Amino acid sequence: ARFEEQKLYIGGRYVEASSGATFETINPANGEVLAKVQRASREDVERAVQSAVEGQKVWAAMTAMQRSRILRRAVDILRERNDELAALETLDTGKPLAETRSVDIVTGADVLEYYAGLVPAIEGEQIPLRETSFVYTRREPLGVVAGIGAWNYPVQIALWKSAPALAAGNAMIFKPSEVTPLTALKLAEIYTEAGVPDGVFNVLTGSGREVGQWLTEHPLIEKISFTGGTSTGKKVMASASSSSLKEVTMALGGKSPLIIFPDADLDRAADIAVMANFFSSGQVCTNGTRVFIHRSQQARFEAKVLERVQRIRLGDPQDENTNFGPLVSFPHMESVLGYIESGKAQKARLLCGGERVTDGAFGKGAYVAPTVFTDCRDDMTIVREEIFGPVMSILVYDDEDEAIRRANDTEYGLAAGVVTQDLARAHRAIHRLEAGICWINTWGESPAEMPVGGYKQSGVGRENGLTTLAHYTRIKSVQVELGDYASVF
C-alpha cells in the first residue's frame, strides 16, 4: 500500500483495533491501494465511549475561553496544513486538487473557526415568576456524541460535525466513510496537537452496518449526527431512536430544482447550472440536478450549457489544471452509468457526455464524462432519483406556477434556487419552494453563518449557523423557590 496500516484513534493516540480485520482504501483515479485500515470491533467502540466519557469531563471543566483558544489553535494548524491535507483528500476521494486546496479544508476550517469564537456566547435564560421565585436554564453539554461521515467531503464533514459538538463542550466519536477514512485520522492528530484533551475526538474506522450501528445503539451516546443518503438515514435514525432515544441530526440526499426564469441572463444561468451539476464530479448532495428552463429559451440555454461542458477539463486530479475528476469508486461509477443508461432507455435526449472515459490513463480509473440530458419528463427515473454523478436533467416549462409546482413535486427538499432579475419574482418564488437551502442568482455557497439542512426526506435538523450550536447542548430548567411551599395534603 502507499501508506502504512491505519489504526484506530482513541485517547489522543493511535491504538490497535481488536477485531483482527482490515479493509483497503483505494485511489479512484488509478485503482491504487492507499492503505490497509483497521476495523473497529464492538469492544473497540466500548473503549472509545469510555475514553470519550472521561475526556469530555476534562474538556467541560475548562473555561469557555480555554476551549475557544484550543479550537482556534486547531484552526491555525489546518490553515498551515491546508495543501498537505488537500493532497491527501484528493488521493482518497479522486476530487481535483484545484477543489480540495480551495474548498474542503478552507470551508471545513471556516466552520471550526466560527464556532471557536462562539464558545463564550453559549448562554441560558432567566425568567422571573414572582417576587419569591425565578427560573434559570443551563445549556449543558450532551456529553458524548457520535458523528458518521460521508465520502464526498470527508474532512469537511468531519469538521462541520466536530466543530459545533466540541464548541458546545461535548466529546465526539467520529466514523468516516469506509470509502474515505484517511483525512479524519489526520484531523484527530491535529486536534490533539492543538491541545484538545485525550478522548474528546476519537476516530473509529470500519463499516456502517457494523461500527456505525454499534455507535447508534450505544446507551452512553447522547446524540448522533449523520450525513449521507436518505435510505441509509432512515435506518440510522430508527436505530438511534429505539436503542436509547438519542437526539439526531441527518443531512441527507436530494433532487434539488434550479428554476431559470425567462428574464434571466442566460450566461449566468448556464454558469449556475454547470456549477450546480459538475462540481466534485457531480458528487454534492445539494446539486441542482433538475434544471427548469422556459420553452422559449430552451435552445439558447442548451447551446450555452453545451459550450461550457465541452470546455470542462476532465483529468488527473493530481494535475492542477484539472477541474473535473473521476468518481469516488468503481462501484459508484457503475451505479451512475446505470442511471445514464436508464436515461437513454427512457428516451431523454442526450445533449452531451453519456459515457465512461477510458482513453490513455483514464482506463485505470473511474471517469464518467460530464453528462447532460434534455427534453426530460418528470416521471423519468433520472429525474426522480438522486444520481450523485455528473448528470444534469433539463426540463422545459411554460409558466411560473407550473415550474414551482414541479420543483416541489418530490419527497426530497434539500436545496432549491432561482435565476431571475426581477425583485418580486425572486423572493416570491423562493418563498414557495420547499427546501432548506435556497439560492437566488447563485449556487453552492454554504457560509458558516448559514444554517443548512433538508426539508422533507432530505434531513432532520440543521448544520452551521448560530442555531446549530444550540442543538449540541441540552436545556436544564432550574426553578428556585425563595418563598414558602404549599402542599394540598
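One rule holds for the numbers: they count along the sequence shown, beginning at 1.
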* Asked: Which of the two stretches, 36 to 44 or 438 to 446, shows the higher mean Cα temperature factor in the record?
  -> 36 to 44
* Pick between 113 to 121 and 227 to 235: the one whose mean CA B-factor in the entry is higher. => 227 to 235
* Asked: Which listed residue, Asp104, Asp92, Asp359, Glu80, has the largest C-alpha temperature factor in the record?
  -> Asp359
* Asked: Highest Cα B-factor in the PDB entry belongs to which of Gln283, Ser242, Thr137, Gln156?
  -> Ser242
* Asked: Among the modelled residues of its chain, does the C-alpha B-factor of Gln66 lie in the lowest, middle or highest third?
  -> highest
* Asked: In terms of the CA temperature factor given in the entry, to which third of its chain does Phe388 belong: lowest, middle or highest?
  -> middle
* Record-listed C-alpha B factor of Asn287: chain third -> lowest
* Once the chain's modelled residues are ordered by C-alpha B factor and cut into thirds, is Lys364 in the lowest, middle or highest one? -> middle
* Structure fact -> Assert third(CA B-factor, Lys255) within chain per record equals lowest
